[PDB]
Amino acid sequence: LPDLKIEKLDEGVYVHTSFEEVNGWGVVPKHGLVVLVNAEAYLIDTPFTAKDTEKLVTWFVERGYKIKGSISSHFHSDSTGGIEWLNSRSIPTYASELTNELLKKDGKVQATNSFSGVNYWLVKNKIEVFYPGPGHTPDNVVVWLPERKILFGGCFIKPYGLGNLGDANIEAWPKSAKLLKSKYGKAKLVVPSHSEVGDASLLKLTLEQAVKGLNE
């Protein structure tokens, strides 16, 4: 119900928040980022709908930035809901090979550009995509902004609880959460998809929740 929000998080980094009604949760927020790189803008996850994605893109274009593309952290529509629109407007979309594979199987439009491997450099030294392994979804990846020490953890970061385990790999989440914690322990800010921005401690909390989750 609430309208898309676009707030500055740090120099060249904005958080975009869109909303959706969830079973028993009420209206749940979804956070993504827009990273500025010299008159160029990059979307870290897209809003749920084409509407907000269009709104998001226009906000930045009307401010002088050229939308260079969007990268989605995992296949769920809260990260990929705007790929359909962006593609139809010939705006480059990116998703990991596992994400596109999951998207196709779920009857969803795929990102135009895909990648695989542990690391993927969208913008050398400015925007880096990391795959810690299966967790929330088999494909979840995180986005590391080296210059600001900011880590967008997406739906993988779950400090207060794992959430729906339907498409999750609870058996491997702890291992993945451990690798992520050791790779980005120096993060100044960790941005979750469904809860407040915090610090490197959300890495630890996510790991403990995964361990607790598997134990059950």
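Whichever C-alpha set is largest while still superposing within 1.5 Å between the two forms counts as the rigid core. Residue positions are given as counts along the sequence shown, with the first one as 1.
- RMS Cα deviation from the shown model in 7 other deposited structures of this protein, rigid core fit, is larger for 23 to 31 than for the other stretch of the pair 23 to 31 / 47 to 55.
- The PDB entry records a higher mean C-alpha B factor for 1 to 9 than for its counterpart among 206 to 214 and 1 to 9.
- Averaged over their C-alpha atoms, the temperature factors of 129 to 137 and 106 to 114 are higher for 106 to 114.
- Out of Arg148, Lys175, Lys30, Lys158, the entry records its largest CA B-factor for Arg148.
- Out of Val197, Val22, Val15, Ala200, the entry records its largest CA B-factor for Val22.
- Ranked within its chain, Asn119 lands in the highest third, by CA B factor from the PDB record.
- Among the modelled residues of its chain, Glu54 has a C-alpha B-factor that falls in the highest third, as given in the PDB entry.
- Split the chain's modelled residues into thirds by C-alpha temperature factor. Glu171 is in the middle one.
- Annotation for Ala187: C-alpha temperature factor in the highest third relative to the rest of the modelled chain, per the entry.
- When the modelled residues of the chain are ordered by their C-alpha B factor, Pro47 lands in the middle third.
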